[PDB]
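Below is one structure; the comments refer to it alone.
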2 protein chains.
Amino acid sequence: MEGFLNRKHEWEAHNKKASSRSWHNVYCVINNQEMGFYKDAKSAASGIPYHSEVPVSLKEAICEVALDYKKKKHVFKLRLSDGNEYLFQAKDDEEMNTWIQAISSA
Amino acid sequence: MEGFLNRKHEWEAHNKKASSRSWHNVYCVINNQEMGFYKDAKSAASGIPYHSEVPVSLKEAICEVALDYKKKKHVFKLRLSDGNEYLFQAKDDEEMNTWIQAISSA
Ligand SMILES: O=P(O)(O)O[C@@H]1[C@H](O)[C@H](O)[C@@H](OP(=O)(O)O)[C@H](OP(=O)(O)O)[C@H]1O
Ligand SMILES: O=P(O)(O)O[C@@H]1[C@H](O)[C@H](O)[C@@H](OP(=O)(O)O)[C@H](OP(=O)(O)O)[C@H]1O
């Protein structure tokens, strides 16, 4: 499963607020129980990472609709096992749910 | 880049005709200069291989429209560097070309 998604890094480990918190349009790929980030589809096929980011494991990840986040629509929350938390924005709700199911079933 | 494609194993290394030559509907994923095969999208996210197949490298691969193959339409040919050759069938020509560009640019 892959596609573009607006992403925001919210939390880091140990209840620390992430220092880098602006939204960025990234091309996401769910494969082999992990999620990789690329600038676009072409970088994804070539294996060139978003910002030297390493793919993250979706093992025991918590993924759900971000009701609490109100600054925008179709936003879902992803908390990785290591404590990092991201907010992802999809084009509409159907896609949002498509992503939530994909991740929750990895 | 990923999606379902009908696949046929044509050639093996050393100008040997592949022994296993029936068409099979497989879910293909182009990521990090390689191509993985899965039974479906869900197996792809989970990392469960098509038939214990290992992803193949697209490094120096030859990919083109299979003019010579006439038994069906929208079929492209992929020759890997190690000698293996596969024929892939897409739903239409646009998608076929989409796949040919994706692979040729990996
Ligand atoms: O450009 P900067 O320095 O990174 O600033 C951030 C940016 O404007 C984010 O869009 C904003 O998130 P929200 O849009 O979601 O408000 C975040 O606020 P935040 O502190 O609420 O996280 C800002 O700190
Ligand atoms: O079921 P089997 O034993 O695997 O038989 C093959 C199967 O019917 C393939 O569809 C056919 O390819 P084509 O459809 O493309 O004709 C192939 O012929 P082939 O020898 O031409 O490769 C057969 O050998």
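Letters A, B, ... mirror the listed sequences (proteins, then strands); counts begin at 1. All ligand and atom numbering here is 1-based and tracks the order in the structure.
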>> Is a donor from one side chain sitting under 3.5 angstrom from an acceptor on the other, for B:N6 and B:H24?
In response: no
> Looking only at side chains, do B:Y27 and B:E2 share a donor and an acceptor under 3.5 Å apart?
Replying inline: yes
>> Salt bridge or not between A:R7 and A:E53? Use side-chain N to carboxylate O under 4.0 Å.
In response: yes
> Who's touching ligand 1 if we go heavy atoms under 4.0 Å?
Replying inline: A:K8, A:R21, A:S22, A:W23, A:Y69, A:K71
> Could A:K16 and A:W11 be counted as a cation-pi pair, given that NZ or CZ must be under 6.0 Å from the ring centre and within 45° of the axis?
Replying inline: no
>> My understanding is that only residues two or more places apart in sequence, or in another chain, count here; which of them pass side-chain hydrogen bond (donor to acceptor under 3.5 Å, both in side chains) with B:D93?
In response: B:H74
>> For B:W23, does the six-membered ring have the charged nitrogen or CZ of B:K72 within the cation-pi criterion, i.e. under 6.0 angstrom from the centroid and within 45° of the normal?
In response: yes
